[PDB]
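One chain follows as structure tokens, the form deposited in one PDB entry.
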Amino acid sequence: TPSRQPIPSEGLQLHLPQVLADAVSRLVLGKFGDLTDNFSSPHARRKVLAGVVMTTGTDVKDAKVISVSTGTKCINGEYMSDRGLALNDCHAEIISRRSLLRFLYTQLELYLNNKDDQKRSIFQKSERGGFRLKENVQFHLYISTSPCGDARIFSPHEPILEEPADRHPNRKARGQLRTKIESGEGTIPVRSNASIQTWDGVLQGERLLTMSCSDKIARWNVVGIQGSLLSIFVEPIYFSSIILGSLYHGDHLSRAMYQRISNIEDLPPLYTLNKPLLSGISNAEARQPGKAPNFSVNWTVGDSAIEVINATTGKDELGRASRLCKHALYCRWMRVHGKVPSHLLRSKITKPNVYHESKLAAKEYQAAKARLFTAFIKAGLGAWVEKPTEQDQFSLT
């Protein structure tokens, strides 16, 4: 099956694709096991499993499971947080990325902690200013099934024939932006009659829109996985690899993960359209039809236990904010910002100490973001949907 064969990376090829895929799938699944009393725990129940793994060199056993997560559902509109205490998106892979961020903050704290630790940190000072990764370190993303949104919209028991080389005899656009529908694991296209969300309107019962994971990952393949805030310290980090435990299709997946916005232009220095290794695994999971657990589990290496969050409310069953919510990450960030000398910043601590404004200090990441949004529009693939601005207006302590 030409549809069921690995797509090599436009990054660094340090391992062979299939050994790497089977490796990270095996490790992540194993580490979730260890975190759950050998899959016996109540919180081992899941529909989609994801994780992030790190490699330091060509030795494919140099690997570390960085983070592990499960989840297939999104916050209710009615339940959003004004102080950023809620998790808007608890799909497995989104959560994994967020935990990965915690690992990145810990690694900066490690470097800046003392000098003897700097040899142990994944980071180093960067010649261009700020920090950069060590010369060989790569991260790999694993999802137990293809990401929601465009990567999954296809008939897995029918041969592919999407777009012939000649201009489609009918019409174009087979990459459209799609959103999670509130109260569902599913995804629907974006309206071309695009109205924006408001804060008190959505809170009343109007549709909560969250971009699909396919669209989110593409975003990660343009602006990097660190997000805005961290980019003030560090240079853009991209996934080198994307491994799927099931529903793998090279044509569709390469389309969704980068190929559909290949018309992107004017990306700032260090930014690029990252085309990672794509691959499924040798022994793919079977579809289990049945109820998807209402919770989302997350773990970052260093942690003792996993954390269990009610996807609907974005907080845990006792209503306590997660270590992953905006407020928490801002906390980690503020701490790092304090431990970091001002001549070592990638941009300037100019703006106020509210979340959104501190995001705007990342001028370049912001610029990349705009090129991205524009890329989707000109590609005839729909306009991105952002949360209402009130979501990001809060302070700490």
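By rigid core we mean the largest C-alpha set that fits within 1.5 Å across both forms. In this text, residue numbers run from 1 along the sequence as written.
So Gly201 is built in this one, but is it left out in a third or more of the other compared PDB entries that include its neighbours?
Comparison shows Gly201 dropped in at least a third of the other entries.
Of the other entries that cover residues on both sides, do at least a third skip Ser192?
In at least a third of the comparable entries (those modelling both sides of it), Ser192 has no coordinates.
Greater mean Cα temperature factor according to the PDB record, 154-162 or 307-315:
The stretch with the larger mean CA B-factor is 154-162.
Read off the CA B-factors in the entry, average them over 79-87 and over 189-197, and name the higher stretch.
Per the deposited B-factors, the answer is 189-197.
According to the Cα B-factor stored in this entry, which of the following is highest: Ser212, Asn170, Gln138, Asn298?
Among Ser212, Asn170, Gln138, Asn298, the highest C-alpha B-factor in the entry belongs to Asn170.
Highest recorded Cα temperature factor - choice among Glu235, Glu93, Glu285, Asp117
The C-alpha B-factor peaks, among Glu235, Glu93, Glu285, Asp117, at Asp117.
Check where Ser40 lands among this chain's C-alpha B-factors and tell me if it's the lowest, middle or highest third.
Top third by C-alpha B-factor.
Where does the C-alpha B-factor of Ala368 rank in its chain, lowest, middle or highest third?
As the PDB entry reports it, the C-alpha B-factor of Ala368 lands in the lowest third of its chain.
Using the temperature factors of the C-alpha atoms in this entry, rank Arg207 within its chain: lowest, middle or highest third.
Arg207: CA B-factor falls in the highest third of its chain.
Going by the CA temperature factor in the PDB record, which third of the chain does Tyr330 belong to: lowest, middle or highest?
For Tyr330, the deposited C-alpha B-factor lands in the lowest third.
For the chain shown, is the CA B-factor of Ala292 in the lowest, middle or highest third of its modelled residues?
Ranked within chain, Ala292 CA B lands in the middle tercile.
Quick note: we don't show the form deposited in another entry, though the next part is all about it.
With the core superposed, find the residue in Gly250, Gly184, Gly130, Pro268 that moves its CA 2 Å or more between the shown form and the other one.
With the rigid core superposed, the residue that stands out is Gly184.
Can we say the CA of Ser304 moves by at least 2 Å between the shown form and the other one when the core is superposed?
No, because once the rigid core is superposed, the C-alpha of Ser304 moves less than 2 Å between the shown form and the other one.
Core fit, then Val19 C-alpha moves 2 Å or more between the shown form and the other one:
The answer is no; the displacement is under 2 Å.
Core-superposed C-alpha of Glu10 shifting 2 Å or more between the shown form and the other one:
Yes: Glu10 shifts by at least 2 Å between the shown form and the other one.
Assuming the CA distance changes by 3 angstroms or more, are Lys216 and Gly11 closer together or farther apart in the other form compared with the shown structure?
The answer is farther, because the C-alphas of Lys216 and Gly11 separate from each other in the other form by 3 Å or more.
Since the Cα-Cα distance for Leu12 and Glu135 shifts by 3 angstroms or more in the other form, is it a contraction (closer) or an expansion (farther)?
It is farther: the C-alpha separation of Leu12 and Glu135 rises by at least 3 Å in the other form.
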